[PDB]
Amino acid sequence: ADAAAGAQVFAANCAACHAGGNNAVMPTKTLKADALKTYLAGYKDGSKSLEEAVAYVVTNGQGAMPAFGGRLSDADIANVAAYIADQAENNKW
């Protein structure tokens, strides 16, 4: 999906909890490449791509993280997932 478009999604929906690609609530579970491969469901076990796994967690929530399905458009979810994947894989946080 569109990483560049996802940056704005992120700014509007995700930065209060994940500023800097970090995690204010659960500090180990950051959006950096190493943490994502350790902790993010689906991605960590090899059964999902990073982008899909981010799309899933955004849509459905996890633990303390709210769900965004029904709050964000399908494109917005897809694009923010692409932004996370791009930031992480390219070490841009």
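Position 1 is the first residue in the sequence shown; the rest follow in order.
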In terms of the chain's CA B-factor thirds, is residue 64 lowest, middle or highest?
-> highest
C-alpha B factor of residue 12, ranked within the chain: lowest, middle or highest third?
-> middle
Where the record places residue 32 (Cα B-factor, split into thirds across the chain) | lowest
If you rank every modelled residue in this chain by C-alpha B factor, which third holds residue 84: lowest, middle or highest?
-> lowest
Mind checking which third residue 50 falls in for C-alpha B-factor across the chain?
-> highest
